[PDB]
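Quick one: this structure, given as structure tokens, is what I'll be asking you about.
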Amino acid sequence: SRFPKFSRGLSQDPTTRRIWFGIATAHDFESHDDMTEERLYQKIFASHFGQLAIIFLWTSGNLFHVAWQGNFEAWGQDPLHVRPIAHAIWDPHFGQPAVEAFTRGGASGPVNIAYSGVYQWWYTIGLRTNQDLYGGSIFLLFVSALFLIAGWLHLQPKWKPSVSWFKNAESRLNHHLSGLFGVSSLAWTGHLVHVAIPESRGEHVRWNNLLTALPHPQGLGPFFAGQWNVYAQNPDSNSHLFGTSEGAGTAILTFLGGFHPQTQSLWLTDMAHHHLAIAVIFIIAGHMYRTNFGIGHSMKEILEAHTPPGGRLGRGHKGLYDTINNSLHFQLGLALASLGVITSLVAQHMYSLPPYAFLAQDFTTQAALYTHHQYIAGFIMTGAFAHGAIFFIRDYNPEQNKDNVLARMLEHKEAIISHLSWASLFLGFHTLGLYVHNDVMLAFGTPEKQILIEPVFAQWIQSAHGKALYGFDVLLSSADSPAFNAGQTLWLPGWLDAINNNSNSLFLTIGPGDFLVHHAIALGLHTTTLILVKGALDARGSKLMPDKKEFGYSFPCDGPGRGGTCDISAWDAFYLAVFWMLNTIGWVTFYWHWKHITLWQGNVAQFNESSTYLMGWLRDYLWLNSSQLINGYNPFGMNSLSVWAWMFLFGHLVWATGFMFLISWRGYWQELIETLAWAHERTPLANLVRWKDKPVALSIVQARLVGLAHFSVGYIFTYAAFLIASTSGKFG
Amino acid sequence: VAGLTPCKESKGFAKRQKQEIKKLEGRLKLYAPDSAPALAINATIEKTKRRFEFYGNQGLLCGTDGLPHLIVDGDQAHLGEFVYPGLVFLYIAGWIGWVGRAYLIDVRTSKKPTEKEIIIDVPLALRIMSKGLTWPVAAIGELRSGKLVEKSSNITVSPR
Amino acid sequence: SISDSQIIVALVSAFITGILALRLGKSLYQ
Amino acid sequence: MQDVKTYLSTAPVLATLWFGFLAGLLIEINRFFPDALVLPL
Amino acid sequence: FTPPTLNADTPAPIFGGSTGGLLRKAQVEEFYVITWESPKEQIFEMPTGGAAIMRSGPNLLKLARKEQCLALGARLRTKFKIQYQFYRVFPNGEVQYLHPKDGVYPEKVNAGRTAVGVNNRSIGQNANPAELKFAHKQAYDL
Amino acid sequence: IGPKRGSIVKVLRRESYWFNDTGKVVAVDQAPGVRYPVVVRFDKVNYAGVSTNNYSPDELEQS
Amino acid sequence: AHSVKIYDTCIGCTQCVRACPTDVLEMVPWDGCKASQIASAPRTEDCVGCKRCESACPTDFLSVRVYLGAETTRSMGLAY
Amino acid sequence: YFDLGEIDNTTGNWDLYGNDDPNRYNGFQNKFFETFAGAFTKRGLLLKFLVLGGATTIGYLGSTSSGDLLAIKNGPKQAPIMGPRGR
Amino acid sequence: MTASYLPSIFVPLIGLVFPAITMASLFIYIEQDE
């Protein structure tokens, strides 16, 4: 029983593949040998605890480095002219120009400038000194230690929970909606009201004076007497400076809307009310399902009773409760689908409605924070679709799902794949033809001959929000609508002042280039959805190979016969759609960074004239913003962007190195390693050294994964460098 | 509409007409006035002046960039930007789709159906390329009679 | 700014956390 | 012409003759009616 | 069928030496010996790479893989009318006769061999993997 | 056995390339014990390039 | 190592055995076809997994089927 | 070339460059090396003090190094470079 | 910076010693015959 011990079939492999696949089949717990239901769910539960401990031990070190090597107090004194320091650098390979050039933010040595928005976050939430961040780091060290204790505890046989506890979906949803989403957002509200609002108003509220510092002039009297408007009585004025007592109000739960006029960020009183609202509604929504007390819902009978009587949905959702509850890949795919749609809702709502103080002014931090959640969301959504494919191979029972909606997806799967194919082809011919046409017209000396389409649907939606720039004047931009008159005394005085401003990123002025790149975005989502729906629905089998389910999920191919069956598996469709999410989110974040990099220095006409054709994208965005990127180090000297100039070139290595695994395939390298094995076995003084693992080439799935991971690492490092060097070196 | 001035009264659209002829007039300064390459630039200037006087007379909308923008919502002023040439397109594109569909039905009932697609039967092709003129009356006519779509019992379907 | 002795408190509490991470990894093995 | 016109009716020749006529037509539309961004009819 | 015994006295084809021959897998794991009877002195393509003069009598060739024995064996079954057999030799000294097992080649049917690895159903009647979760059996071996 | 020689049948076998496709029967084996006696010829080849396949009478209907 | 399975759709055309480069397949007597023979895989531990038998099988869908499972030094095709 | 009496000679188990000379040094040189390298013999013992001794010897000269010895302990020797937008 | 010398200690151990601890202990572990 060698490594890997979870799979007996890989332990008898005498090659290097045994070393490789044991790393990659390490967390695929259900594919293990001598493996049961209880061990599956308990190992997944303790792996969740280890994941929670890693997240909290990560946050602890991102708090410890700000408290220890970062100037959080100096950034708190002046958040506009001080660069936030992540951590100090101890590199033995620096020369004296590198030590003298990485010393930023008034530090004593070479430090890294934090582009993660942790200073803006911790400032808005109430943390002011380094001692508060250190106490938070020790507290989250304790929390991660408690989660390690709980992870070890639930693997002990006294505290092992059974699968019936794990598959209790009603109790899990009630205690998740009530506890995880309700009492934590009500806990939050208690922080935002007790700590963050008085620290925005200058009052230092800590644990020593928690029971004495009253958050309102009349606290908990008007709450229980019903007059809640006392908590919205005296809001913060427009002369309020953040962190100071002057210009401040006393109301803890306002409904002002819009932005704080000095930080260009959301009001802590609004976010406190926001959390009291997504706390009351989640504790009320957490009393829905039936657990132990007679009242509630059984979701099995909800899904059984939700059948349309015309038969257009077949049996409806009958048999889907056992389908989700028995399949961990269905629950994980649903969780990652929801998580991608909310990690992208995170990205879309922290740039346009900045929630943290002095985050809108720090431009490259905002750029990093958008690109972060759009790449983490384009890998979470692809993981959702890949887990739908793994559900259809190793977890979907056609007998249990008989003529329900999930079986009817397989019944008309060629219609879904062909219509996603039509939509992708439509968007591709139209977007490419219009961009290439606008390229030809700028090439042929005639900018007026472009097909420029004003995006009047989304401009109509912006005028429906309150933008008076386009002059549609339908609702919330005209005073004759009932929605405006229902809102003009309640939230719209903040919202209209925030949306009619042209310096912020709240619902920006869009044009024909925005139309064209939104069809690029629709092309990217549609073609990624095409490959992923095609992988998920041809997961069990297809007309080329009907027994794809009996070959597992991530099998390489089926041989050169029947024309050729390369990339036939559903993992290979996931593999081909990782390139499409990289291209999609590359287009998304190209559009974001160029729409904002022209907004921040003022000349939005550069984007309005140049984004309609791809030579403007190549020249005015990829070439123009890379001026101080690749000049980070020269023969003459090196700048502070030099690490971002190396990380850019580094990306062009790793990405191109992926091509070595994605173009060249196995048997060339297998014969090459055969010649290498002969050469080592015949070389004098080196033949004495043996291998225990037989040297083989990388296997076919492993080759696609290694090329895909290299492609992804190079792709995220070329853009992390360019994006954090073409905004942080030319601020604006 | 959508914050766009008309191109006949747009100062940016008239600026692009001024700086395009001036680019071509400076190209004309290094040639003889009766020379053959100077007649091409003189024809280019008259092609440019015809273009700018055509864009302003069609009620095109020009933005702050001085460029004509198309309104594709279906505006009664803006029918010839998307709706009128879209219906012209879909008639021509449906003509391509109807005579290629009717050719495949005409060669499926043949002795060698695969030799009539590499070697396209031009008397069979040209007698239905004329018939693709009236194709909305023949596509919805086949849709109402059920001949447009095939029933799913006779369609090759990959297994679940 | 934090002090010298507070770094000692953090390093012990991370070493205690590193033991509890080592204890879970032994139990995840078994 | 029992076989010469069969070669002339093949897929690459008929694609060359149609797209030669098609690009020949669309160029000649773009001479007498150039810079056409809006259909007036 | 009595299996043939490896004589270990028949000589090798006249070969100048190759670098594609026996590596250390021959020394510690296995190597394959193919024995065949020849009409005359011919020249054949070596499956390790090269050409050798094969003898006028019985020949012995040492190969590293079982695929090298069939690639040689099907070469001297189609180009030449030569019956062949090969063996599997282990480093302890045991010679395991491998092909043909019944004495007649597996393309031709023999009554002595039995059906093993044969399913009485088709591919479309194989069971789904969702109803065979957490078992040693899989969708095809039952 | 079989429907008829020279008849038009439709394949009900899920894993065949010619599922829900019109095929022409060229041979039915009347020997007992044969699982798939009906030999059906198709106008279109599969990915292997062949058009000849053997099916049981339970996997075909007359169309 | 690799598991090669023969199904009852086989017609006994023998070309799966003829395409086999490691002598896995053999033709045993059978009563379910005109040729009165079906393939079998007794030496399936010698299978490299190349699926030359699946490329040479004329039955739709395939009668010989190779499932890539645990891979050893037989099924990796090494000489060292 | 197959023998069935000598299985190693017919498979490639050859000492191609080996020698069967028993000794070529003297007793004075041999007794010096086994005395000094006697505490370095056992693999489990040698792996313990090489990890523990190797961790100390990189932390010593990492910390006792000077400004001219290593530039990261020298620190900045000029005015800091101010970035754009006053940052 | 509070303690400037812990950069000079932990970056050599977690950068050089700890991979030399982890990769050597894994290479023993992945090549155990057991």
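Observations, loosely collected:
Note that the chains are named A, B, C, D, E, F, G, H and I in the order they appear, and that numbering of residues resets to 1 at the start of each chain.
Everything that follows uses one rule, which is that a contact is a pair of C-beta atoms (placed from the backbone, for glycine too) under 8 Å apart; a residue touches a chain by one contact, two chains touch by 3 or more.
Looking at chain A and chain C, the chains in contact with each of them are I.
Separation of chain D from chain F in touch steps, taking the shortest path, is 2. In terms of Cα centroid distance from the overall Cα mean, chain A ranks first. In whole angstrom, the spacing between the mean C-alpha positions of chain G and chain I is 50.
With each centre defined as the average position of its C-alpha atoms, the distance from chain E to chain F rounds to 38 Å. With centres defined as mean CA coordinates, chain H is found 72 Å away from chain F. Chain centres here are Cα averages; for chain A and chain E they lie 55 Å apart. Residue positions of chain D touching 2 or more other chains: 35, 37.
Residue positions 8-9, 55, 57, 61, 65, 67, 73, 78-80 of chain G each touch two or more of the other chains.
Residue positions 22-24, 122-124, 138, 140 of chain E are each in touch with at least two other chains. All chain pairs that touch, listed by label, are A-B, A-C, A-D, A-E, A-F, A-G, A-H, A-I, B-D, B-F, C-I, E-F, E-G, E-H, F-G, H-I.
Those residues of chain A lying in contact with chain B across their complex are 398, 407, 410-411, 413-414, 445-454, 456-457, 459-460, 469-472, 511-512, 538, 540-543, 546, 605, 608-609.
Residues 1-5, 7-8, 10-13 of chain H touch chain E in their complex.
Every residue of chain E that touches chain F in the complex is listed here, in rising order: 122-124. Listing the residues of chain D that touch chain A in their complex gives 35, 37. Within the complex formed with chain C, the chain I residues making contact are 2-3, 6.
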